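Note sheet for the following structure.
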Amino acid sequence: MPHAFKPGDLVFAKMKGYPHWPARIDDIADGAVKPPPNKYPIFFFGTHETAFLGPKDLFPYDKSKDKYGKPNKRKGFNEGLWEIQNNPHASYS
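Per PDB author numbering, the sequence shown starts with residue 1, numbered consecutively.
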(Lines of atoms letter the chains of each structure in order from A and count residues from 1; the text may use other names and numbers.)
(Lines give C-alpha, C1' and ligand atoms only; values in the text may rest on other atoms or scores of the structure.)
Protein backbone atom coordinates (compact mmCIF):
# COMPACT_ATOMS: atom_id res chain seq x y z
CA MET A 1 0.00 0.00 0.00
CA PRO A 2 1.23 3.60 -0.71
CA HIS A 3 2.95 5.88 1.79
CA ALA A 4 2.98 9.68 1.88
CA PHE A 5 5.29 11.37 -0.61
CA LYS A 6 8.97 11.50 0.42
CA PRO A 7 12.11 13.12 -1.10
CA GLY A 8 13.36 11.18 -4.13
CA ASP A 9 9.91 10.03 -5.23
CA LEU A 10 9.37 10.36 -9.01
CA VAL A 11 6.12 11.86 -10.34
CA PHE A 12 4.45 13.70 -13.07
CA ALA A 13 3.47 17.09 -11.58
CA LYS A 14 0.51 19.17 -12.85
CA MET A 15 0.32 22.93 -13.02
CA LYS A 16 -2.53 24.81 -14.72
CA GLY A 17 -1.70 25.62 -18.32
CA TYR A 18 1.03 23.00 -18.48
CA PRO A 19 1.04 19.28 -19.45
CA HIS A 20 1.68 16.74 -16.64
CA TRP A 21 5.44 17.22 -16.23
CA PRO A 22 8.31 14.78 -15.26
CA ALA A 23 9.46 15.79 -11.76
CA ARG A 24 10.78 14.60 -8.40
CA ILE A 25 10.11 15.46 -4.77
CA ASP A 26 13.17 17.36 -3.59
CA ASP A 27 14.85 17.48 -0.21
CA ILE A 28 15.15 20.85 1.50
CA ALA A 29 18.80 21.85 2.18
CA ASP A 30 19.84 23.17 5.57
CA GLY A 31 19.07 26.90 5.70
CA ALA A 32 16.99 26.86 2.49
CA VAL A 33 13.45 28.21 2.14
CA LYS A 34 10.84 25.66 3.25
CA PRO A 35 7.54 25.05 1.37
CA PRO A 36 4.19 26.20 2.80
CA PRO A 37 2.23 23.69 4.96
CA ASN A 38 0.85 20.62 3.19
CA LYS A 39 3.08 21.46 0.16
CA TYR A 40 6.14 19.65 -1.28
CA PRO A 41 9.20 21.09 -3.12
CA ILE A 42 8.84 19.83 -6.70
CA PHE A 43 11.88 19.83 -8.99
CA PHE A 44 10.83 19.74 -12.66
CA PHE A 45 13.15 17.81 -14.98
CA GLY A 46 14.29 19.58 -18.14
CA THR A 47 13.44 23.13 -17.00
CA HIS A 48 15.15 22.47 -13.61
CA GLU A 49 12.53 24.77 -11.99
CA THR A 50 11.13 24.37 -8.48
CA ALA A 51 7.52 24.93 -7.48
CA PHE A 52 5.55 24.07 -4.34
CA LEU A 53 2.68 21.65 -4.93
CA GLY A 54 0.23 19.49 -2.94
CA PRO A 55 -0.59 15.75 -3.55
CA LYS A 56 -3.62 16.57 -5.72
CA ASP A 57 -1.18 17.67 -8.48
CA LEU A 58 1.30 14.77 -8.00
CA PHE A 59 0.95 11.50 -10.03
CA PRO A 60 3.39 8.63 -9.16
CA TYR A 61 5.70 8.10 -12.14
CA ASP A 62 5.43 4.30 -12.52
CA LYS A 63 1.59 4.31 -12.60
CA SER A 64 1.36 7.32 -14.96
CA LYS A 65 4.22 7.11 -17.48
CA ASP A 66 2.23 5.18 -20.11
CA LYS A 67 -0.20 8.13 -20.19
CA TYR A 68 1.98 11.17 -19.63
CA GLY A 69 5.47 10.07 -20.72
CA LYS A 70 5.27 11.11 -24.41
CA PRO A 71 7.16 13.95 -26.22
CA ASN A 72 5.70 17.47 -25.97
CA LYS A 73 6.63 20.64 -27.83
CA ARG A 74 6.93 22.62 -24.60
CA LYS A 75 10.40 24.00 -23.73
CA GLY A 76 12.50 21.53 -21.71
CA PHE A 77 9.91 18.73 -21.70
CA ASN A 78 11.81 16.16 -23.84
CA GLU A 79 15.04 16.83 -21.89
CA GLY A 80 12.91 16.22 -18.77
CA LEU A 81 11.72 12.83 -20.09
CA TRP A 82 15.34 11.78 -20.56
CA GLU A 83 16.33 12.87 -17.06
CA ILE A 84 13.52 11.09 -15.21
CA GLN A 85 14.22 7.85 -17.20
CA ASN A 86 18.05 7.89 -17.17
CA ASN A 87 19.37 9.84 -14.16
CA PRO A 88 16.45 10.98 -11.95
CA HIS A 89 18.53 11.38 -8.79
CA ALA A 90 21.47 13.40 -10.12
CA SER A 91 22.46 16.95 -9.26
CA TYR A 92 21.09 19.33 -11.91
CA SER A 93 22.55 22.33 -10.02
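Ideal Cβ placement from N, Cα and C applies to all residues, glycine included.
Task: Sequence-distant residues of its chain with Cβ nearer than 7 angstroms to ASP27 (five each side left out) - done: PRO7
- [ ] Mark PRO36 as exposed unless 16 or more other C-beta atoms lie within 10 angstroms of its C-beta, in which case mark it buried.
- [x] Looking at its Cβ environment, which holds fewer than 16 other Cβ atoms inside 10 Å, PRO36 is exposed.
Open item on the list: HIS20 and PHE59 - do their beta-carbons sit closer together than 9 angstroms?
Closed with: yes
Task: Buried or exposed (CB count within 10 angstroms, at least 16 for buried), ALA90 - done: exposed
- [ ] For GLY76, collect the residues of the same chain with a Cβ closer than 7 angstroms to its Cβ; drop the 5 residues on either side in sequence, then sort them by chain order.
- [x] Scanning its chain for C-beta atoms nearer than 7 angstroms, with the 5 sequence neighbours on each side dropped, one finds around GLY76 the residues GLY46 and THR47, in chain order.
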